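Undergrad: This one is an experimental structure. Sequence first:
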Amino acid sequence: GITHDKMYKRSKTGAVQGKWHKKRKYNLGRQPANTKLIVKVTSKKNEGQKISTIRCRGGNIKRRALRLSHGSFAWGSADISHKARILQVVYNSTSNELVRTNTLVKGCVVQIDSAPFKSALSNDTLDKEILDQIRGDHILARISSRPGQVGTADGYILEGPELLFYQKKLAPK
Amino acid sequence: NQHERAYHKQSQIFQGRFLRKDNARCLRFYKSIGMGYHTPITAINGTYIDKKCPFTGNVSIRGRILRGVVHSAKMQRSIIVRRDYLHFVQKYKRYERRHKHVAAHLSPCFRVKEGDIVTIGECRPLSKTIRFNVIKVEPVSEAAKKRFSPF
Amino acid sequence: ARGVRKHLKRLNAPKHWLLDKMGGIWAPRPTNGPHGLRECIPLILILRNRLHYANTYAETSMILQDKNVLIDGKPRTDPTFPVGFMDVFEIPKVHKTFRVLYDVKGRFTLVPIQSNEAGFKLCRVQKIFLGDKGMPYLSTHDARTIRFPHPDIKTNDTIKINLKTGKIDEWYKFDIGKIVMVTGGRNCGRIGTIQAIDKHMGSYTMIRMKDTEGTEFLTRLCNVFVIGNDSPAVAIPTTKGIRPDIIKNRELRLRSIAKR
Amino acid sequence: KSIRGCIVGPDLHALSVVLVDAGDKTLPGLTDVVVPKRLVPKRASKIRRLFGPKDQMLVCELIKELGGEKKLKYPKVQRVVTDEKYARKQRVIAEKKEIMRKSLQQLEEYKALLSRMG
RNA sequence: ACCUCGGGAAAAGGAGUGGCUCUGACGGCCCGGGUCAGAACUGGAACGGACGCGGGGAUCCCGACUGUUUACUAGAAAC
RNA sequence: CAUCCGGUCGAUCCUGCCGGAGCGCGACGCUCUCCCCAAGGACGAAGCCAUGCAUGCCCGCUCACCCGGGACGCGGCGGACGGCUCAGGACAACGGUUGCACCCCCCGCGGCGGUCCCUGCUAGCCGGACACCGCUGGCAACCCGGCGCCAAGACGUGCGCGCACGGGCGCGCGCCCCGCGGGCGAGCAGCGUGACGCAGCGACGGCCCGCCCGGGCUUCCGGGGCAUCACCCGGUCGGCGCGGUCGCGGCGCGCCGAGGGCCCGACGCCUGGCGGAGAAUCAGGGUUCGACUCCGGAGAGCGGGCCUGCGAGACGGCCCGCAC
RNA sequence: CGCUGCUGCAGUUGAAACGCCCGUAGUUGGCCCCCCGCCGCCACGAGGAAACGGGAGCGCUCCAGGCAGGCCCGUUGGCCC
């Protein structure tokens, strides 16, 4: 019964708009997916990453992710891409309450294990700052994929002014 | 600017471009608008972001391109364009001047004061009331009278 | 609401179909296929009304079930199969084959053709699009889809389909001077040379074409179908889209009714 | 619809009990009856079980579809390769290659058409 | 409701409230305040957990009111 | 397809209403020789319903005591169309006009066709298994239990062409602008390359791809009465970041601002309010109605909620409360 | 019923000029430039439903009708709205 029609909403003036129809299955919206992480592998290993699949109007299926673990992350200015497990979620624009639960949302800044990206550090002088993150086992990456709309969490390693901005916000914690 | 709780970047411009030199240094994406309109210099030279701005953002101009005066610039990067028009009644062959208000997105590239003529161009439903986006502005004087104009 | 409509009311049905108001409370519901309802006419209507070969819908189904008629060379059993411009309706058992074109008054007309003419049918490319790994495809008015077209062909350029090998034969490109036949609206059913094409950037390219009566008709690119270069190419109806006016048709009607 | 629970209780009308083991005992029902199942295998693997194209290798009854003239009754075999069937699949596999072959040929021509123009 | 427009009014009539674990606000020039929000999570269905601390409404009669009054039987509508 | 005439007076001329004169379209009375066409429980009860009836067809897959009848089931396709009514709803539906560079779609038609692996492939063709059915039963009725055999263009699995390729991801034009095209008015597609993923059909090679037809929203302009309704709104109005959706959007949620609407009548309220195409009457101008034939909308006693499917918030589907 | 009045009502006395002045919204504005740009504006298009209403033709025996008919404009069923 969750619906995205504007029949139940007011006008520009703020006038009540009379309802002329009952709910439509063409206007329905499904409940939101909380894409948690398998962060605590100790007691979360008992549930492998699970991606559900929901039928949609047209019969086309949208895979929706319930629990995720790893996604393709790419260092663009180095052309180094590897599948990396997501260690932790930090700093979301929508709410920092989400960050506590680790629920993944497109645009959340995550931390990924640098062990897959180890070869790039040995390759000489790739960028500068990102190399230090590879030397320490945590690299910041933004999830660029919508978990729950494709059931995947791929992303990009943060670089440039964006990396600095995110780090500055996360400096005290 | 820590208070900005989210980094705002043009989607097309890879963040890495700001480093290195000039090989693929386009640091700005400016798209030609069609229907014979010219790109403002402030979209090319601008340092603003704005997804809704037609020239430097992910919005398309298609459909009716009406023109109207600016009722007010009070909203955040938006204007309520007032467009005047005449409605004819046949029984009394006299007409009735009728006015409508339409919300429009104002690009930072443009700067409008109330009363200015703005050529709004139709765009994707961008908000509850915004389905039009300013495509060009021509300035008007401080005080020249309200003047009914149905251009 | 809910899904699709599988019924057509008689007065809703297109005027050109010329169905009787008191003839029925329902009209054939035209099916989907190569032509749309506004730009089609059901196979049952050609056989029941103009041909009169089958007295009732039931007889038309019996004939179709036995594959008596073949359109485009293929025997089709659809009573409601959509039929439109340049479709070759050939009934071999009766020994008579004709094309389906447009009359000056806009009703679809059966125009007799020779065996060479029967073989090929003209087509109009709506546009060329990239799909399935990037191969180009051209979509004809008859919805026939042709992969890998020759590069010169553009949007709105008439081409000719072999219909035996079903491939492109030749291209008569749309340009100033080339003879065209209007397919829709007030000037539907008129063959004229193109005087000019108005670009009208933004929407509705509007073209002006004039027949040999010195009268120019102004019609947008949507219903302009090229029929050969300066030559009319494929055989055209006897009136030849010359635009008979109402007063002139009044005299013609009176001569016909003079005969008893 | 109202259903009843798996636990059995003092009130009851019908209980259905399969037998894991009767025991050495002899019961007039279940030890004095051996069931001759009416139906017989109608598939390729099932025909190759009881009797080890094997269409003729089936027992035959004389019953009509609806129930002096008697039709010898054979239940139709299924999943058995006919010689035309094997052939039918064989030409579709060849047809699939032909579709690839024609597309393979059309592809070189189209690459060439752009190349010859430039 | 009513009103001398000040009141009535804390009207009536409700909802929340604990502990822990956090996250924002707010100054000065890395240094201070401990108040105000917003969350989770937890508890026999609990939290102003003692204590402190209006029952409420509708009227009628007198006296406008705050005042004062028979020490020691009237605190009033009396003065 | 332009008209008047009786009634204020002792008389008279006015203004002014009153009443007649015409046509409808419903009722009511009286009466009716035939034939043709033709409305018919809409009118403040969208009150309640007894009965019978309105949705089937197929023959894919026959070991049902005629035959190759084509029971029954299983499968398949339709039941979402159509019919019915006007309760709801007054910047709405609806009508013309746009858009989707913000989309979804069965059939049909015309195309296109390749599907990594390691294992596990049987590919001359693979597993099991469910009714129908046989028996054993429980039912007041409804309704179903258990046991055993057996089939599919049903099901489960998989043969398969590392330019094998569903989704999503990262990257890959500019130099003031605009002047070829795969394709536009519009930087849009497509793909090249890396990381992911291994989805679909592949057991009588269809996935996909257009067009259509339908849908969803979208622009513009029109879209009641009341001032004894003058101020109104507070997700209200914008911006951002997400989620959700077929998608776009306060649509929802955070976050941040303070908008937004209004004598060119906002907001409220009422409507014995479906709207148009149209209809009645009619010099010209006009007035009133539009349930009802076509089109779009909305609802099946009332609120809700769902499943199936390509499409239903379906009621001759389900589930719940509520009356009956 | 020109008793709703845009055509097209009436306000000295029949009903009816606010007691007066200022006054914003609203509505209304003298004369002037020929030769361009927008606005209305007029004409003619195009585009999209028929039925209906007109309206061509046709003797349903007339008629309300209907698209007919008859060796026939590729018989018709035009066209306007």
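TA: Alright, I've got the coordinates. Numbering: from 1, shown residues only, chains lettered A, B, ... in the order given.

Undergrad: Give me every residue in chain B lying close to chain A.
TA: B:2, B:5-7, B:9, B:14-20, B:103, B:128-129 (Cβ under 8 Å from any Cβ of the partner chain). Backbone N, C-alpha and C define where each C-beta goes, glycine included.

Undergrad: Now go through the residues you listed and say which are in strands.
TA: residue B:103 (DSSP state E).

Undergrad: Now which of the residues of chain B next to chain A would you call buried?
TA: Neighbour-count burial (16 or more other Cβ atoms under 10 Å in any protein chain shown) applied to the residues of chain B next to chain A gives B:7, B:14, B:15, B:16, B:17, B:103, B:129.

Undergrad: Of the residues of chain B next to chain A, which ones also sit close to chain D?
TA: Of the residues of chain B next to chain A, not one also sits near chain D (Cβ under 8 Å from any Cβ).

Undergrad: Which of the residues of chain B next to chain A sits closest to residue A:48?
TA: Among these, residue B:6 lies closest to residue A:48 (Cβ to Cβ), at 32.6 Å.

Undergrad: Residue C:185: how many residues sit nearby?
TA: Other residues near residue C:185 come to 12 when the count uses other Cβ atoms under 10 Å in any protein chain shown.

Undergrad: Tell me how far it lies from RNA strand F.
TA: 11 Å (Cβ to the nearest atom of the strand, to the nearest Å).

Undergrad: Show me which strand runs longest in chain A.
TA: Chain A, longest strand under DSSP E: strand A:80-90.

Undergrad: That one and RNA strand E in contact?
TA: No - using Cβ under 7 Å from any atom of the strand, strand A:80-90 never reaches RNA strand E; the gap is at least 10.9 Å.

Undergrad: right, is that strand up against RNA strand F?
TA: Yes - using Cβ under 7 Å from any atom of the strand, strand A:80-90 reaches RNA strand F at A:81, A:82, A:83.

Undergrad: quick revisit: from the residues of chain B next to chain A, which is closest to residue C:3?
TA: Among the residues of chain B next to chain A, and counting by Cβ to Cβ, the member closest to residue C:3 is residue B:128, at 31.0 Å.

Undergrad: can I assume the closest one is in contact with residue A:12?
TA: Yes - using Cβ atoms under 8 Å, residue B:128 makes contact with residue A:12 at a distance of 7.5 Å.

Undergrad: and chain C, what are its domains?
TA: Split into domains by CATH domains of a matching chain, chain C comes to C:1-116, C:121-171, C:174-243.

Undergrad: What is the neighbour count of residue C:218?
TA: Quick note: residue C:218 (other Cβ under 10 Å) scores 14 neighbours.

Undergrad: helix/strand/coil for it?
TA: Following DSSP: H, G, I helix; E, B strand; the rest coil, the label given to residue C:218 is strand.

Undergrad: Surely residue B:125 touches residue B:131?
TA: Yes - the pair residue B:125 / residue B:131 is scored as a contact, 5.1 Å apart, by Cβ under 8 Å.

Undergrad: The two: who's more crowded?
TA: residue B:131 (18 against 8).

Undergrad: returning to what we had before: and which of the residues of chain B next to chain A is nearest RNA strand G?
TA: residue B:103 (21.3 Å; Cβ to the nearest atom of the strand).

Undergrad: in terms of contact, does the closest one touch residue B:125 like I think?
TA: No - the pair residue B:103 / residue B:125 is not scored as a contact, 11.0 Å apart, by Cβ under 8 Å.

Undergrad: Any idea which residue of the stretch 51-200 of chain C lies closest to RNA strand E?
TA: Counting by Cβ to the nearest atom of the strand, the stretch 51-200 of chain C gets nearest RNA strand E through residue C:131, at 47.6 Å.
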